[PDB]
Amino acid sequence: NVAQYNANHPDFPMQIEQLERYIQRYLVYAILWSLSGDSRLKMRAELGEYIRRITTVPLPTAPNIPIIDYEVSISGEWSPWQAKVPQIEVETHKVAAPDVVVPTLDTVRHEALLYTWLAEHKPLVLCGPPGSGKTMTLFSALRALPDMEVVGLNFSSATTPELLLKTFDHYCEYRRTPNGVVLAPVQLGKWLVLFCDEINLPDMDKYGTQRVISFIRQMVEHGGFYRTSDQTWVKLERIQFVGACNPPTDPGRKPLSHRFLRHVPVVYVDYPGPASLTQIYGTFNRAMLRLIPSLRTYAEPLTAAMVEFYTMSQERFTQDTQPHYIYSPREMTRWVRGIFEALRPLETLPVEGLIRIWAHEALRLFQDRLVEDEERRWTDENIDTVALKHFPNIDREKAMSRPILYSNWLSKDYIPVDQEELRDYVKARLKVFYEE
Amino acid sequence: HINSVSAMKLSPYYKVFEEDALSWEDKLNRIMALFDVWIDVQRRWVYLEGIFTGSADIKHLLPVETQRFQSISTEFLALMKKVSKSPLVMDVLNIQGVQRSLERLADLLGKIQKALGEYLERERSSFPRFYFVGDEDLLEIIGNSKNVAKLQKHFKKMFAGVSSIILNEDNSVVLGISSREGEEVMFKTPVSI
Amino acid sequence: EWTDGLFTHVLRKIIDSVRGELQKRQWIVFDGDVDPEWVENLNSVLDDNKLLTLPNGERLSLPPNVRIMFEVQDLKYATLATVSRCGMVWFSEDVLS
Amino acid sequence: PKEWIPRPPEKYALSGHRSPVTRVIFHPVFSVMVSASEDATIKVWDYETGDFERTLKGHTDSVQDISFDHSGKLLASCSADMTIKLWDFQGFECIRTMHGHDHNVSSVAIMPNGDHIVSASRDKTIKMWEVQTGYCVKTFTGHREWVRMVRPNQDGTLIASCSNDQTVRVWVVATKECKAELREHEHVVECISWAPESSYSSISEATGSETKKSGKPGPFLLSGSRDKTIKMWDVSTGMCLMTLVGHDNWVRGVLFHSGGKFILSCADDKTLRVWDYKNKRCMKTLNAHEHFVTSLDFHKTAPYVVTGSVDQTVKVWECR
Amino acid sequence: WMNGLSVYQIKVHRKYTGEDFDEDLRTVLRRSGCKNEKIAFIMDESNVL
Ligand SMILES: Nc1ncnc2c1ncn2[C@@H]1O[C@H](COP(=O)(O)OP(=O)(O)O)[C@@H](O)[C@H]1O
């Protein structure tokens, strides 16, 4: 970064006192992130306050907010991360697109840390609960590097190095050099990034080892791997690895070996929490409720309702009851996308209709997964009471009903459908379908 | 140069300069092949560009053909801009992928030239004497309509004793009719091209 | 659509002269037997017209530097319309010793 | 004139059938019409009076399409019993039963020349028949799925087809095949129809097109959408000139007006739609039946539109 | 059938090795990507061997 400043300012070089004041602050920042990047907010705040209380380095005059909230600017002074990104107004067209990322404190902070670790072509591992945002963060921090090309890889229980070998056979080529055999991507001048998505899940042996993890550790440390066809050492030229993984205390995951974990920095991405979630999806809701200008004022209560019901359901149904009871911001993103898809062709809808769409999407996201009738009844009752809590003086009977169904079969758009009419239509379509 | 290299290859002290001779011969053969393809593809593209720019209302009858040739013409424009920015013979010889790119361009332009029979028949219906001209020659005549440089080698097919025509310095007014033995007739009044 | 043959392709190449075949002395030699199946196609070329006519209506005037040659063994199947159009050089069996 | 449109309510609600009505067509010269249903019968109705005239038994399974010739003296019917029958409409008796298909024959028509019959069946083949002898002379292949309908053009030189193959395929009858393959429908293609001669000017000035300058403006197809759309095509490899979105369910039948100024359409939404295709919108909506509407036809001279439906009723609409 | 997808079932039997599943997957991928054919790939738990 100092060399970049020197190249960008040829007439004014990098002064010594500015270099000192920049490098001391960057040392404090890098110690903080390197030593508490894989811990919770409370623990990184504890490490920050310990460093502030023991070590005499100039620090920001922050009474409450932690030191990790700050950024060491290139001019040599602390700058807050929150002032970097303001409120953004995403367009109505891409309201829940797979590539849109509304900036947040944790998002920008993790993107900067990822860029720092990825510029040196160092392997890393992204850890956190499922759906926390450990692929959007990598892809957003890696879209700023045109040199990098992602290759997706999904590890399983029965993953063996032949997955990596098949990926290398597809995306790279083997060439013979006087120094030996090297392996490089076919795209000249480009770096290949292998994104292993479930890096714990390769099945641990009877003797506490994983073949894939040992293979990746050998490639990361020794710089290459033996080719089992001719027993010839094969070097890598432009290849790095990035891992994503759930925490090792999850039911299917196993702890990585210390020899592998020596090389890969680990950063812990957590669920955004309520205060971040309300903004991070109220932006989407405000963008979405521009198709219908009469529903513009029903954005903050709608976002609060989605956040509150998602929090309630996540607290109620957990991993210990059933293996599939995982609720993440993926559910909120699909919620926003479903409401947007049901609102796009209409362009005229009352608040009762909006609440009906919201409740139908809530059902289809949080009730189709469940197993027990008690859980299904709990979700129905709590959808009703959350909607009544966040939307007073509304037509409860006109916005809620026992069937509550939506379809585009009897209508060109995606509008609610009467159960009897749907049954008659399905009977006629089955009459056609028997003969076809 | 190739003849001289082959002559000194045989006799008498070629053994000491052998590797240099092979390198020279290989680069000469490579530039010969590249420019042998290049002359044909440029000769095709000049009249294809002429017919697809000077003549209008072709997109309303062959939309996919016009779009395909527009993309191929933009690609050829970019490649020739690169060649213009690198006017060295060694540089154009060692441009990465030049041989396969030019081969593919020749194949695509050949396909575009092949898929023009109905339009050529319409043009032949438009001018009666074009019925005695082949498809490729008619394509060259239509594409080089503004040039009036390659019509002298095609007028003898259309007409009886009109081997060529005489023109002014501006090459935009016909002055008379020329035969193949030098006998010429002067027009009473010229034609406003 | 017309697909050229060997003789038509060679003659069209010489007529086009993309690489300059017109300046050189070009000779077309037919090294085979002569029958009215394919030589009555060439009788217009060997005629005073110096012209080759195709079913398209495309005509290829023979350039002055090109000589149409035949290396034949006998003419027991050629007709008068073929023999009368060409100059004979009778290479007797005693020419080669 | 060239402007009459069907208006509610219907003139007569003829309800003599026993099973869903499949196809309904008019007569070329007489004031009568026929209708095909799924009970293996072809009832003949006087639409001017509104009384059932006579029936035509003979088919073993559900008859799926019917078509008159230019003279009006022949009726060609195809059924799900894999046979095609030619009816002498002067004496109302079957002339010949013409086997040859391997599955349910879906549609037939009589070419404007008058001595050839087209077909379309679930074995993905289209066959040409001889009216005089009954032999098969030409079979068309290329469709990958069930072919649903076949319609020769105005002069009999071109044949269009629609299929479960998701495509519309049009070809010349005589020697060449697959003139165009049209692939802009995202679901099954159901009902095609050509454009009449007195529609080319309105089509040219309605869609994006220059002031002709090419000659022979080219034939125009129509729709065939199980994805609730309407699509008209062009000459050569074919482009979609317009798409008339605004429909509600699976489109089952499409037509032009007699004057060529309108598009008539019926579908499973129990609705007959009148499209003002010059502005790409439906300017009139008719709640036709109490169930799915399977077919419609438009009279060339008289002001009458007739629709058949799964309601086992055939309704005739007078135009004002 | 209502949505226009083409149903594909692998039709498993005995001695159904991994090469046969690879071939079925190849045919499904070819039809779905090369020929723009919407396919509903229905697979059972008993089909996993
Ligand atoms: N700004 C945002 N912050 C947090 N989550 C988001 C945001 N935008 C979208 N999401 C959702 O969060 C989910 C994170 O999933 P992904 O990126 O695959 O990470 P993981 O691998 O942890 O699931 C995405 O599916 C996306 O729908």
# chains A, B, ... in the order shown; residues from 1 in each chain; ligands from 1

call {"tool": "residues_near_ligand", "arguments": {"ligand": "ligand 1", "cutoff": "8 Å", "atoms": "only C-alpha atoms and all ligand atoms", "output": "PyMOL selection string"}}
result
chain A and resi 96+98+100-104+107+128-137+197+244-245+271-272+277+280-281+328-334

call {"tool": "select_by_dssp", "arguments": {"residues": "range 9-52 of chain C", "states": "strand (DSSP E)", "output": "PyMOL selection string"}}
result
chain C and resi 26-30+51-52

call {"tool": "closest_residue", "arguments": {"among": "E:28, E:47, E:6, E:17", "to": "chain D", "atoms": "only C-alpha atoms"}}
result
E:6

call {"tool": "select_by_dssp", "arguments": {"residues": "range 50-108 of chain A", "states": "alpha helix (DSSP H)", "output": "PyMOL selection string"}}
result
chain A and resi 50-54+105-108

call {"tool": "write_last_selection", "arguments": {"atoms": "N, CA and C atoms", "output": "JSON list (two decimals), in the first residue's frame"}}
result
[["chain", "number", "residue", "atom", "x", "y", "z"],
["A", 50, "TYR", "N", -8.11, -4.83, 25.45],
["A", 50, "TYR", "CA", -6.87, -5.24, 26.10],
["A", 50, "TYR", "C", -5.67, -4.52, 25.49],
["A", 51, "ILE", "N", -5.60, -4.49, 24.16],
["A", 51, "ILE", "CA", -4.49, -3.80, 23.49],
["A", 51, "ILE", "C", -4.51, -2.31, 23.82],
["A", 52, "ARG", "N", -5.70, -1.71, 23.81],
["A", 52, "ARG", "CA", -5.82, -0.29, 24.15],
["A", 52, "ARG", "C", -5.38, -0.03, 25.59],
["A", 53, "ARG", "N", -5.68, -0.95, 26.50],
["A", 53, "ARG", "CA", -5.38, -0.72, 27.91],
["A", 53, "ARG", "C", -3.93, -1.02, 28.27],
["A", 54, "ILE", "N", -3.21, -1.84, 27.50],
["A", 54, "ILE", "CA", -1.82, -2.19, 27.83],
["A", 54, "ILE", "C", -0.80, -1.39, 27.01],
["A", 105, "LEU", "N", -21.33, -2.52, 7.51],
["A", 105, "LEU", "CA", -20.08, -2.44, 8.26],
["A", 105, "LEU", "C", -19.28, -3.73, 8.16],
["A", 106, "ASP", "N", -19.93, -4.86, 8.50],
["A", 106, "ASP", "CA", -19.25, -6.14, 8.47],
["A", 106, "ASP", "C", -18.89, -6.55, 7.04],
["A", 107, "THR", "N", -19.75, -6.22, 6.08],
["A", 107, "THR", "CA", -19.48, -6.56, 4.69],
["A", 107, "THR", "C", -18.23, -5.86, 4.18],
["A", 108, "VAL", "N", -18.13, -4.55, 4.41],
["A", 108, "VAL", "CA", -16.97, -3.80, 3.94],
["A", 108, "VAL", "C", -15.71, -4.23, 4.68]]

call {"tool": "atom_distance", "arguments": {"atom1": "CA of residue 82 in chain D", "atom2": "CA of residue 61 in chain D"}}
result
8.7 Å

call {"tool": "residues_around", "arguments": {"residues": "residue 308 in chain A", "least_positions_apart": "3", "cutoff": "10 Å", "atoms": "only C-alpha atoms", "output": "list in words"}}
result
residues 274, 278, 302, 303, 304, 305, 311, 312, 313, 314, 386 and 390 of chain A

call {"tool": "write_last_selection", "arguments": {"atoms": "N, CA, C and O atoms", "output": "compact mmCIF listing (two decimals), in the first residue's frame"}}
result
# COMPACT_ATOMS: atom_id res chain seq x y z
N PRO A 274 -30.09 -8.38 14.30
CA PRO A 274 -31.30 -7.61 13.97
C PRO A 274 -31.03 -6.21 13.47
O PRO A 274 -31.66 -5.77 12.50
N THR A 278 -32.25 -5.29 9.66
CA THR A 278 -33.34 -4.38 9.35
C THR A 278 -32.95 -3.40 8.25
O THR A 278 -33.72 -3.17 7.32
N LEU A 302 -43.13 -3.46 7.17
CA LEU A 302 -42.97 -4.72 6.47
C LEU A 302 -41.62 -5.35 6.78
O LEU A 302 -41.53 -6.54 7.10
N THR A 303 -40.55 -4.54 6.71
CA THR A 303 -39.21 -5.05 7.00
C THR A 303 -39.10 -5.51 8.45
O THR A 303 -38.49 -6.54 8.74
N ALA A 304 -39.70 -4.75 9.37
CA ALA A 304 -39.70 -5.16 10.77
C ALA A 304 -40.44 -6.47 10.96
O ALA A 304 -40.01 -7.33 11.74
N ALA A 305 -41.55 -6.66 10.24
CA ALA A 305 -42.31 -7.91 10.35
C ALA A 305 -41.50 -9.10 9.84
O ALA A 305 -41.46 -10.15 10.49
N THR A 311 -36.54 -14.01 13.04
CA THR A 311 -35.87 -14.20 14.31
C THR A 311 -36.63 -15.19 15.19
O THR A 311 -36.03 -16.08 15.80
N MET A 312 -37.96 -15.04 15.26
CA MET A 312 -38.77 -15.95 16.07
C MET A 312 -38.64 -17.39 15.58
O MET A 312 -38.46 -18.31 16.39
N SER A 313 -38.74 -17.60 14.27
CA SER A 313 -38.67 -18.95 13.73
C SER A 313 -37.28 -19.56 13.90
O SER A 313 -37.15 -20.75 14.19
N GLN A 314 -36.23 -18.75 13.73
CA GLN A 314 -34.88 -19.24 13.92
C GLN A 314 -34.63 -19.62 15.38
O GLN A 314 -33.94 -20.60 15.66
N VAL A 386 -47.89 -11.88 14.22
CA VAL A 386 -46.86 -10.91 13.85
C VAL A 386 -47.42 -9.90 12.85
O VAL A 386 -47.14 -8.70 12.95
N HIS A 390 -47.60 -5.88 13.68
CA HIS A 390 -46.93 -4.87 12.88
C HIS A 390 -47.85 -4.10 11.95
O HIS A 390 -47.45 -3.05 11.44

call {"tool": "interface_residues", "arguments": {"of": "chain E", "to": "chain A", "cutoff": "12 Å", "atoms": "only C-alpha atoms", "output": "VMD selection string"}}
result
chain E and resid 1 to 3

call {"tool": "closest_atom_pairs", "arguments": {"of": "chain B", "to": "chain C", "cutoff": "7 Å", "atoms": "only C-alpha atoms", "output": "Markdown table"}}
result
| residue | atom | partner | partner_atom | distance |
| --- | --- | --- | --- | --- |
| B:131 | CA | C:57 | CA | 6.8 |
| B:132 | CA | C:57 | CA | 4.9 |
| B:133 | CA | C:58 | CA | 5.3 |
| B:134 | CA | C:58 | CA | 5.4 |
| B:157 | CA | C:59 | CA | 6.8 |

call {"tool": "write_last_selection", "arguments": {"atoms": "N, CA, C and O atoms", "output": "mmCIF file, in the first residue's frame"}}
result
data_model
loop_
_atom_site.group_PDB
_atom_site.id
_atom_site.type_symbol
_atom_site.label_atom_id
_atom_site.label_comp_id
_atom_site.auth_asym_id
_atom_site.auth_seq_id
_atom_site.Cartn_x
_atom_site.Cartn_y
_atom_site.Cartn_z
ATOM 1 N N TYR B 131 -26.741 -11.796 -66.352
ATOM 2 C CA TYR B 131 -27.002 -13.224 -66.476
ATOM 3 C C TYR B 131 -25.814 -13.985 -67.046
ATOM 4 O O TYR B 131 -25.722 -15.200 -66.849
ATOM 5 N N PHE B 132 -24.904 -13.299 -67.736
ATOM 6 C CA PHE B 132 -23.715 -13.916 -68.303
ATOM 7 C C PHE B 132 -22.497 -13.750 -67.405
ATOM 8 O O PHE B 132 -21.362 -13.887 -67.872
ATOM 9 N N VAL B 133 -22.713 -13.451 -66.125
ATOM 10 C CA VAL B 133 -21.648 -13.283 -65.146
ATOM 11 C C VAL B 133 -21.888 -14.264 -64.007
ATOM 12 O O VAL B 133 -23.027 -14.444 -63.563
ATOM 13 N N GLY B 134 -20.819 -14.899 -63.538
ATOM 14 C CA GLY B 134 -20.921 -15.870 -62.470
ATOM 15 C C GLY B 134 -21.214 -15.228 -61.126
ATOM 16 O O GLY B 134 -21.291 -14.009 -60.978
ATOM 17 N N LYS B 157 -17.100 -9.890 -70.489
ATOM 18 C CA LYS B 157 -18.091 -10.951 -70.353
ATOM 19 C C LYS B 157 -19.493 -10.431 -70.639
ATOM 20 O O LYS B 157 -20.295 -11.116 -71.285
#

call {"tool": "residues_around", "arguments": {"residues": "residue 298 in chain A", "least_positions_apart": "5", "cutoff": "12 Å", "atoms": "only C-alpha atoms", "output": "NGL selection string"}}
result
:A and (282 or 285-290 or 292-293 or 303-305 or 350-352 or 354-355 or 358 or 390-392)

call {"tool": "residues_around", "arguments": {"residues": "residue 71 in chain C", "least_positions_apart": "2", "cutoff": "8 Å", "atoms": "only C-alpha atoms", "output": "PyMOL selection string"}}
result
chain C and resi 29-32+69+73

call {"tool": "write_last_selection", "arguments": {"atoms": "N, CA, C and O atoms", "output": "PDB file, in the first residue's frame"}}
result
ATOM      1  N   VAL C  29      -1.995 -29.333 -69.916  1.00  0.00           N
ATOM      2  CA  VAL C  29      -1.671 -30.570 -70.614  1.00  0.00           C
ATOM      3  C   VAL C  29      -2.642 -31.653 -70.171  1.00  0.00           C
ATOM      4  O   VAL C  29      -2.802 -31.899 -68.971  1.00  0.00           O
ATOM      5  N   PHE C  30      -3.288 -32.297 -71.141  1.00  0.00           N
ATOM      6  CA  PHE C  30      -4.213 -33.393 -70.884  1.00  0.00           C
ATOM      7  C   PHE C  30      -3.503 -34.703 -71.205  1.00  0.00           C
ATOM      8  O   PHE C  30      -3.276 -35.023 -72.376  1.00  0.00           O
ATOM      9  N   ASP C  31      -3.152 -35.452 -70.168  1.00  0.00           N
ATOM     10  CA  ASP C  31      -2.381 -36.686 -70.315  1.00  0.00           C
ATOM     11  C   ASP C  31      -3.296 -37.910 -70.283  1.00  0.00           C
ATOM     12  O   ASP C  31      -3.224 -38.745 -69.385  1.00  0.00           O
ATOM     13  N   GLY C  32      -4.161 -38.023 -71.287  1.00  0.00           N
ATOM     14  CA  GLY C  32      -5.088 -39.138 -71.301  1.00  0.00           C
ATOM     15  C   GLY C  32      -5.697 -39.350 -72.668  1.00  0.00           C
ATOM     16  O   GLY C  32      -5.395 -38.640 -73.629  1.00  0.00           O
ATOM     17  N   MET C  69      -2.936 -28.333 -74.307  1.00  0.00           N
ATOM     18  CA  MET C  69      -2.113 -29.400 -74.856  1.00  0.00           C
ATOM     19  C   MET C  69      -2.688 -30.758 -74.482  1.00  0.00           C
ATOM     20  O   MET C  69      -3.273 -30.920 -73.410  1.00  0.00           O
ATOM     21  N   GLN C  73      -1.958 -41.001 -77.005  1.00  0.00           N
ATOM     22  CA  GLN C  73      -1.323 -42.123 -77.683  1.00  0.00           C
ATOM     23  C   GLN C  73      -1.896 -42.353 -79.074  1.00  0.00           C
ATOM     24  O   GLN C  73      -1.154 -42.684 -80.005  1.00  0.00           O
TER      25      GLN C  73
END

call {"tool": "closest_atom_pairs", "arguments": {"of": "chain D", "to": "chain B", "cutoff": "8 Å", "atoms": "only C-alpha atoms", "output": "tab-separated table"}}
result
residue	atom	partner	partner_atom	distance
D:209	CA	B:60	CA	7.9
D:210	CA	B:60	CA	7.9
D:214	CA	B:61	CA	7.8

call {"tool": "write_last_selection", "arguments": {"atoms": "C-alpha atoms", "output": "CSV table (one decimal), in the first residue's frame"}}
result
chain,number,residue,atom,x,y,z
D,209,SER,CA,-41.5,-2.9,-41.6
D,210,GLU,CA,-40.4,-0.6,-44.5
D,214,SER,CA,-39.0,-6.3,-51.7

call {"tool": "atom_distance", "arguments": {"atom1": "CA of residue 68 in chain B", "atom2": "CA of residue 35 in chain B"}}
result
24.7 Å

call {"tool": "residues_around", "arguments": {"residues": "range 73-83 of chain B", "least_positions_apart": "6", "cutoff": "12 Å", "atoms": "only C-alpha atoms", "output": "number ranges by chain"}}
result
B: 38, 41-42, 44-50, 52-53, 65-67, 89-98, 101-102, 104-106, 108-109, 112

call {"tool": "residues_around", "arguments": {"residues": "residue 10 in chain E", "least_positions_apart": "5", "cutoff": "9 Å", "atoms": "only C-alpha atoms", "output": "mmCIF file with N, CA and C atoms, in the first residue's frame"}}
result
data_model
loop_
_atom_site.group_PDB
_atom_site.id
_atom_site.type_symbol
_atom_site.label_atom_id
_atom_site.label_comp_id
_atom_site.auth_asym_id
_atom_site.auth_seq_id
_atom_site.Cartn_x
_atom_site.Cartn_y
_atom_site.Cartn_z
ATOM 1 N N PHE E 21 -25.016 -44.471 -15.004
ATOM 2 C CA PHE E 21 -25.496 -43.206 -14.458
ATOM 3 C C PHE E 21 -24.769 -42.028 -15.086
ATOM 4 N N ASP E 24 -26.470 -41.541 -18.445
ATOM 5 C CA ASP E 24 -27.774 -40.903 -18.288
ATOM 6 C C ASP E 24 -27.628 -39.425 -17.950
ATOM 7 N N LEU E 25 -26.678 -39.095 -17.073
ATOM 8 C CA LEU E 25 -26.420 -37.701 -16.739
ATOM 9 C C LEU E 25 -25.924 -36.930 -17.954
ATOM 10 N N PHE E 41 -35.814 -33.630 -13.951
ATOM 11 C CA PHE E 41 -35.061 -34.845 -13.647
ATOM 12 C C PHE E 41 -35.570 -35.398 -12.322
ATOM 13 N N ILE E 42 -36.403 -36.428 -12.388
ATOM 14 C CA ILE E 42 -36.983 -37.035 -11.196
ATOM 15 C C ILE E 42 -36.120 -38.221 -10.789
ATOM 16 N N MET E 43 -35.616 -38.190 -9.559
ATOM 17 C CA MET E 43 -34.691 -39.204 -9.075
ATOM 18 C C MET E 43 -35.133 -39.671 -7.699
ATOM 19 N N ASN E 47 -32.678 -45.119 -6.413
ATOM 20 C CA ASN E 47 -31.837 -45.005 -7.594
ATOM 21 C C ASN E 47 -30.373 -44.777 -7.250
#

call {"tool": "interface_residues", "arguments": {"of": "chain A", "to": "chain D", "cutoff": "10 Å", "atoms": "only C-alpha atoms", "output": "short mmCIF file (atom, residue, chain, number, x, y, z; two decimals) with N, CA, C and O atoms, in the first residue's frame"}}
result
data_model
loop_
_atom_site.label_atom_id
_atom_site.label_comp_id
_atom_site.auth_asym_id
_atom_site.auth_seq_id
_atom_site.Cartn_x
_atom_site.Cartn_y
_atom_site.Cartn_z
N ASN A 408 -50.67 -18.99 -10.94
CA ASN A 408 -50.73 -18.36 -12.25
C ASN A 408 -51.33 -19.29 -13.30
O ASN A 408 -51.09 -19.12 -14.49
N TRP A 409 -52.10 -20.29 -12.86
CA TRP A 409 -52.75 -21.19 -13.80
C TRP A 409 -54.06 -20.61 -14.31
O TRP A 409 -54.26 -20.48 -15.52
N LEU A 410 -54.95 -20.25 -13.40
CA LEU A 410 -56.24 -19.68 -13.78
C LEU A 410 -56.13 -18.22 -14.19
O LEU A 410 -57.10 -17.67 -14.72
N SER A 411 -55.00 -17.57 -13.94
CA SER A 411 -54.82 -16.17 -14.28
C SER A 411 -53.46 -15.99 -14.94
O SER A 411 -52.53 -16.76 -14.71
N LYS A 412 -53.36 -14.95 -15.77
CA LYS A 412 -52.12 -14.69 -16.48
C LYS A 412 -51.01 -14.27 -15.52
O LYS A 412 -49.85 -14.68 -15.68
N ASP A 413 -51.35 -13.47 -14.51
CA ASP A 413 -50.39 -13.02 -13.52
C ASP A 413 -50.35 -14.01 -12.35
O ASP A 413 -50.97 -15.07 -12.39
N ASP A 424 -61.52 -27.47 -9.67
CA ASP A 424 -62.17 -27.75 -10.95
C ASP A 424 -61.17 -27.70 -12.10
O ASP A 424 -61.20 -28.56 -12.99
N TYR A 425 -60.28 -26.70 -12.09
CA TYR A 425 -59.29 -26.60 -13.15
C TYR A 425 -58.33 -27.79 -13.13
O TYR A 425 -57.95 -28.30 -14.19
N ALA A 428 -60.10 -30.80 -14.65
CA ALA A 428 -60.13 -30.75 -16.11
C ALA A 428 -58.74 -31.01 -16.71
O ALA A 428 -58.61 -31.75 -17.70
N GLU A 436 -52.64 -37.97 -22.30
CA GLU A 436 -51.40 -37.50 -22.89
C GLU A 436 -50.16 -38.15 -22.30
O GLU A 436 -49.23 -38.47 -23.05
#

call {"tool": "closest_atom_pairs", "arguments": {"of": "chain D", "to": "chain E", "cutoff": "8 Å", "atoms": "only C-alpha atoms", "output": "Markdown table"}}
result
| residue | atom | partner | partner_atom | distance |
| --- | --- | --- | --- | --- |
| D:186 | CA | E:4 | CA | 8.0 |
| D:187 | CA | E:4 | CA | 5.4 |
| D:188 | CA | E:4 | CA | 6.9 |

call {"tool": "write_last_selection", "arguments": {"atoms": "N, CA, C and O atoms", "output": "JSON list (two decimals), in the first residue's frame"}}
result
[["chain", "number", "residue", "atom", "x", "y", "z"],
["D", 186, "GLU", "N", -42.35, -20.90, -25.57],
["D", 186, "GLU", "CA", -41.76, -21.54, -24.41],
["D", 186, "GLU", "C", -42.58, -22.71, -23.90],
["D", 186, "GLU", "O", -42.18, -23.35, -22.92],
["D", 187, "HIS", "N", -43.72, -23.01, -24.52],
["D", 187, "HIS", "CA", -44.52, -24.17, -24.12],
["D", 187, "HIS", "C", -45.00, -24.81, -25.42],
["D", 187, "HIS", "O", -44.47, -24.52, -26.50],
["D", 188, "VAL", "N", -45.99, -25.70, -25.33],
["D", 188, "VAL", "CA", -46.49, -26.41, -26.51],
["D", 188, "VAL", "C", -47.17, -25.46, -27.49],
["D", 188, "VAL", "O", -47.77, -24.44, -27.10]]

call {"tool": "atom_distance", "arguments": {"atom1": "CA of residue 22 in chain A", "atom2": "CA of residue 242 in chain A"}}
result
29.3 Å
